[PDB]
Amino acid sequence: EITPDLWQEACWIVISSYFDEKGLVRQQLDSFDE
Amino acid sequence: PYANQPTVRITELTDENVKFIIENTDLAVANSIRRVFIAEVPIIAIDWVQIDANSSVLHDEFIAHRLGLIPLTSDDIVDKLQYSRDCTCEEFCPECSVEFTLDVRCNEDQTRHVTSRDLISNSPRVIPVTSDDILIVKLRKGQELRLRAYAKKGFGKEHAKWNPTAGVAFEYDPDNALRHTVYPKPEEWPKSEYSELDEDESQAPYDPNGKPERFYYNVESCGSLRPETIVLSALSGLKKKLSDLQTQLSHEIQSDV
Amino acid sequence: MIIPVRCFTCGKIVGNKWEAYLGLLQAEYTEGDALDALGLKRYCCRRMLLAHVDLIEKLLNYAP
Amino acid sequence: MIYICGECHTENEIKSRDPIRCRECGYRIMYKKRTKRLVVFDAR
Amino acid sequence: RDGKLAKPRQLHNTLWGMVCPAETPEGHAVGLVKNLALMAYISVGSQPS
Amino acid sequence: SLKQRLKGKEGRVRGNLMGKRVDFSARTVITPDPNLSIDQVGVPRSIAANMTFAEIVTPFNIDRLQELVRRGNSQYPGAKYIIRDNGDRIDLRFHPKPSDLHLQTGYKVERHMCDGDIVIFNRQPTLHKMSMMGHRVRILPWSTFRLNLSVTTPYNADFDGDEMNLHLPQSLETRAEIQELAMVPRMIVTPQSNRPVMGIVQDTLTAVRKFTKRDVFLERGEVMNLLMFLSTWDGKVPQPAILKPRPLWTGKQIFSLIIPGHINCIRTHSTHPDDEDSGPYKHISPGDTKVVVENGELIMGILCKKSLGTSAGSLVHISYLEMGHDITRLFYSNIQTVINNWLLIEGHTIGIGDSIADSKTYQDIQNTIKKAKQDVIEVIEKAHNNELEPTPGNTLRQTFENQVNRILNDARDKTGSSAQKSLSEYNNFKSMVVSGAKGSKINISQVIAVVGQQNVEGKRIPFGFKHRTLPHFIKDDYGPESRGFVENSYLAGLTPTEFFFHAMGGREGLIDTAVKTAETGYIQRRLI
Amino acid sequence: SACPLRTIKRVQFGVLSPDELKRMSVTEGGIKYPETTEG
Amino acid sequence: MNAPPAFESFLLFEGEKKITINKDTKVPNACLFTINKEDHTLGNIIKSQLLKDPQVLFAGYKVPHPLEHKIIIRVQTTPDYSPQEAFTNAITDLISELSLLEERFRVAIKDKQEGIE
Amino acid sequence: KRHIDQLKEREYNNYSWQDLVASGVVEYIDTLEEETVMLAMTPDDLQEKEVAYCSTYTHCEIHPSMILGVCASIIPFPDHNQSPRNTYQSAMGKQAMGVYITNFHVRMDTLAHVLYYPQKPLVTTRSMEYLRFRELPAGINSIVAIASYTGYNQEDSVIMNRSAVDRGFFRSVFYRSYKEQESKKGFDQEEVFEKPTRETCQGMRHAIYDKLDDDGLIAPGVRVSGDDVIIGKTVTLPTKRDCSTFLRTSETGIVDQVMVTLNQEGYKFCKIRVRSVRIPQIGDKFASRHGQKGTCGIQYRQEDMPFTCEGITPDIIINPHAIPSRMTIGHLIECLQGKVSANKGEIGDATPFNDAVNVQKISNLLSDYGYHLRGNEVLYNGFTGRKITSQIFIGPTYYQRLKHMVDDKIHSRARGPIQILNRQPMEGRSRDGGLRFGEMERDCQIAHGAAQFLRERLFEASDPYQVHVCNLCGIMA
């Protein structure tokens, strides 16, 4: 269950997930809706 | 104080490249004919476009540019065509031009590829190279294109659309018998294709009283001229430059008095 | 936006090899083998197809 | 002269000093039709 | 935009991972405008109730 | 109010009395051109067909001027006005029939700017009087200003989107005074420091150093091809240095034809071992050093920045002092043209084979770095048991910081020497460092061995967090790697924590330059 | 255009008296009406 | 339009003449030919042939500016020979070399009409 | 691992970032809270029991490459360059021409540049898939050689192949829009679009008014040159006093399309877009991805560039002196890495802190395809066909075309229009005015001792004048 040497592929999967959801300009769109 | 007796020997011959070898000549002559395969071999190409209706995605000067770089069959009738600046006609005539015509309209919903199979000419000697198909533009339901073009004659110093050749390889002295180039570590360098060394050697031994001979060529072609008439038309074109300069010279030192 | 008709360095005709290139990657070929099945052997003519982005297929989505 | 609607692309001659609206569409953005005098380019 | 005091312009240790360290304009506005890193996220607020 | 109408800057006393906006001037980009003399400039045809020069009509130039006035504003070398004696300024663009116009002694034609004219050329900030010099016009096809390279040092220019202005003297008196006062061959040595301001430059210097090595032999065809480019050649071919096996000329033997007159000079090359004048071989120099120019010909020695650049007592300085201001121009031009046309036979480059070392050197660098990181640990752990004794005038902290800097600075030097003594003669970094063209001996060690130790505000990386530098360390860590010591090279790449500290150092180094310009400009304006 | 041309050598300042103010002015009697034009 | 058209690089104007002779006055038996609308393709082919003459002392060429189209050739011969002689004897030896190589080539391509192997 | 093999399936599983936070495996960490934490930079290397640095790690980073901005994460191998170099490019890739948005046909923006043939890099960072740099790229992979050839690429310049420019290399287009709005400023002063006739209207110039149609606007398709009128707008005089709009000087455009509609307050107004093609010439500015800007020095044809032993001429030649002073060694590896990517068929990887791509691992990959293992090659001279004694370092790199072109920066003045109140040289709509003769230029001339040239530049070139002065008194007469 530990990730060893598959870390380089795994970390990019988690980074891809963040960008798919938050996006690059969620900074602007969330303070307006508030 | 006189010329040499060069000897040619062909190795390969296909419909798109020639490999040969020129022995017993000087380096300056073996290079001056390497620059003539590129620049000064005449060929046909489009040089005048007029658009009647263009509702595609690319603007007018995009399509007028992707047309000139289409290669036309220039095999035999390049010697019968005048230069449009020399011919005694008006702007255009069938003695110094060839007229093309394109007209496409998309009506079905599926997209349409406007290939080079649509360039329709009047002279059956000069057609685009189709005997796949170069793509010009794609159209959507409700768009169209129609134009008229003329195809002049020129060579590769005007514009890079008039040169008839892809890459032209050239090399001599495959092993540093002359040390024209100096390797710092001669062991890391791959052995040339034409070399005659052993598998465990790097360079031939240096010989000081040497001279470059036996040049190796490889001329490809884009599709206009056959790869063996690119060479014959180059030597016959370089000879006619010197032969014309000798006229102007003897005309000068004769009018010296 | 659309495949150029000639390699910028050699001059070899490339503009007629884009649909055949997609057709070979369609079945199982690797990019290294599809480029060899087409006859592109200099690394200046392989850069042409290997690094091409086809923007014309996205401007055909806007109604004329 | 002759104008082209911005939505339905239906040509309609608009007379001088006249409101700018389409017909069969009711729209207020018009594009002038391309000319008919011809200009020639170079493939160079 | 012209004050010569360096301490509001120099790079501070606490900018690790929240402001890009390399990207800044030259001229008179060096270190005054800055761009934030890729995963940096600014909070929006809530009620302490 | 009226007193409000004549305020200070942009009033009527400080904005339109001494500083104003002039006509007869142009502006565009500059690009290099090695085929121009140092006193010429290249002007496009769209600027030259716009600016004019009034030329009085005299019976010496009546025919040429009426020929020029036949063709107006359509052909390029034409004219666009006729000013007769009454002050009548007629325009050639509107006159119906040009042939009726008959020029007469006293009239004044307004010519188009042609070749050979004189202009004034300056760059954006004008600091010293060399930032404004008189060039000479030469007209070329495309649309950028073209000028030689050895003149980029006075203007302080470079060809990445720069721009320069030119002004055209309209009268004839101003033309004569620009010609005899401020032409660029008259401003080679400066009165600020009595040394030349123009020397051989970026690309010709590296090649001049290689062209004058002890072993550079040229055949016959190449010698002829090189002599074709000498503008001051008398027409004789010198006798080769090797006549038997077959004739071969040498680099110094061809360079001896460029040197003007009969000058004398003695310099040294930048790799002269100081222990050579002691023993024998003082006048033999196994390494071919101690340049000697006797009676106007290179006898021995390699040429570099110490002997051709802008320093006092150089070769160009002596040639200016003895021969004059009109022969040094030819000196510059001939050097440049000949050396470029040999360099396209010799070639020059830089790769990554020139940025890598053998297996033995890497091990040595690793060993010395390990031993330094060891010594720092002993110092730290003996300072934690209160066994350090402060020196006079030094706190306990400051004595510790001073010693930790000494250990780390010596590793940057000792590793640096290792990177050099392993270089090769074919290396291309050493080839630009030795000839003095571009670079320094520390960039070699930074690329090959160790980047070194960063520092902000002249001191080690501070504790930006509380008792830490980054959230990846434990508190109060005083080791070398935890406070800015980058132990990799630019070829092996940096780790994230070192990337950040490098960014900090670069940022402060980037702010200082932004301040300096405004400060110095203002203080100089006041003083002047 | 009929009088000669010459240099300047000295600039002297001073306040000018109402005497020459009235003597060299151009609109004799003086400007009286605050309205510039009438028709 | 501040860029020259492409035909200016090889097409002669009306007043120009392709070749011009001037005698060099610094040394005897020297001459200086100035070919117009030309480049390295023709410049280099001549120089290599003159050096093969055992009666020529000097021979070289230069393109004074790469952005103009003009070359210069300098020749110097022994006192019993003429620069104008050595020049025209060089050309007729190139033509005798190219026309020969064309025959030997056209034979080699028809040496495999069907194939030798 | 249970979190990964179910996170690579978000397309038809509905398991995403939000279900990852709500399971307690990641956590947002503020700056203040970041002082009470102990971070590890990489799992497989810092969390192994040994004689260890620390043993109470509280958090771990995802990838240390997420500390860079947007414009600084498109640089390959940024951990090999000197620091000020990475600052320049991040402020320089913001002005590189490309395609800026897909629907650039509708938008009538002002000053829009568009490249013909954009290409995506051959050496990419892994953090470029998330900012869409392979769907709207800006640049072209060119074959660069680092050599001194003829002196025209000295001091930050480049020689470039002329017969590659003729095949589409770095060609682009240039759009520009103009607004005009008819307005009723007064109850009688009213404007209107119409074709001004010579005898009725009065304030016109003598320029031609034949291109205008009956409306007063130019139909799209014509070739409008400098100093042509495009919009004919006449004002009624309390007869008809015409105005109009003229082009700037030296455009040589082609009218793209004309739009007519009503703006906010309801006045009829029109917009006109002018199209113009820009071919690279010898003033234009080109820049790499590592802070090497430089103009273009000269253009040689293919028959003159140096070639390899199989006919591969470089498109760009740059000076070797640009490297040793600023130390951009990331520029020398992406052209070595790029040469392996074109021969193998993959696309390279240049993520900064990878530690799995040496130079010894790239070089050993290159000697398998039959090249020298450091990129060097043997080039022949193009003029004489002789070999070059040195071996030249050649390979493919990714260049961009900056926005500063030379067609926009050239201007000249010679006896132009002047002002009215102070009679000082004026530019106005002329586009070409004069250059200021500042204070620091007034002092270089004083030190020179040139008294005539100093007088001409300030008095005879700018507002000359004559007055009459009395003799006994010093008052004007």
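When the chains are written out, they are named A, B, C, D, E, F, G, H and I in that same order, and each has its own residue count from 1.
Note that in this section a residue touches a chain if its C-beta (ideal position, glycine included) is under 8 Å from a C-beta of that chain, and two chains touch if they have at least 3 such contacts.
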item: Farthest chain (mean CA position) relative to chain A; value: G
item: Chain nearest the global centroid, as defined over all protein CA atoms shown; value: I
item: Top chain pair, ranked by how many C-beta pairs fall in contact; value: F-I
item: Where chain A and chain C are represented by their mean Cα positions, the distance between them in whole Å; value: 33
item: Between chain H and chain D, distance of the C-alpha-averaged centres to the nearest whole Å; value: 61
item: Length of the line joining the C-alpha centres of chain C and chain G, rounded to whole Å; value: 84
item: Cα-centroid distance, chain E relative to chain I, in whole angstrom; value: 26
item: Of all residues in chain I, the ones touching two or more other chains; value: 34, 62, 66-67, 70, 83, 87, 105, 116, 127, 150, 152, 164, 166-168, 254, 281, 303, 310-312, 374, 383-384, 386, 388-391
item: Shared interface positions of chain H, touching two or more other chains; value: 3, 6, 40-41, 44, 47-48, 66-67
item: Touching two or more other chains - residue numbers and ranges from chain B; value: 27-28, 31, 35, 39, 57, 60-61, 65, 69, 157-161, 163, 167
item: Touching chain combinations (by label order); value: A-E, A-I, B-C, B-D, B-F, B-H, B-I, C-I, D-I, E-F, E-I, F-H, F-I, G-I, H-I
item: Partner chain I, residues of chain H touching it in the complex; value: 3, 40-41, 44, 66-67
item: Sites on chain H touched by chain B in the complex; value: 6-7, 9-10, 17-21, 35, 40-42, 44-45, 47-48, 52-55, 84, 87-89, 91-102, 104-106, 108-109, 111-112
item: Residues on chain F engaged by chain E in the complex (per definition of touch); value: 456-457, 461-465, 469-471, 499-500, 503-504, 507-508, 510-511, 514-515
item: Complex contact set, residues of chain F against chain I; value: 16, 18-29, 31-34, 44, 46-47, 50-52, 120, 122, 125-129, 131-132, 142-144, 149, 152, 158-161, 163, 165, 167-171, 173-174, 177-178, 181-182, 201-204, 206-207, 336, 340, 343-353, 355-356, 428-429, 432-433, 437-439, 443, 446-447, 465-466, 468, 470-472, 474, 490-491, 493-497, 499-500, 502-503, 505-507, 509-510, 525, 528
item: Interface residues, chain H side, partner chain F - complex; value: 2-4, 24, 26-27, 30, 47-48, 51, 57-62, 64-67, 74, 76
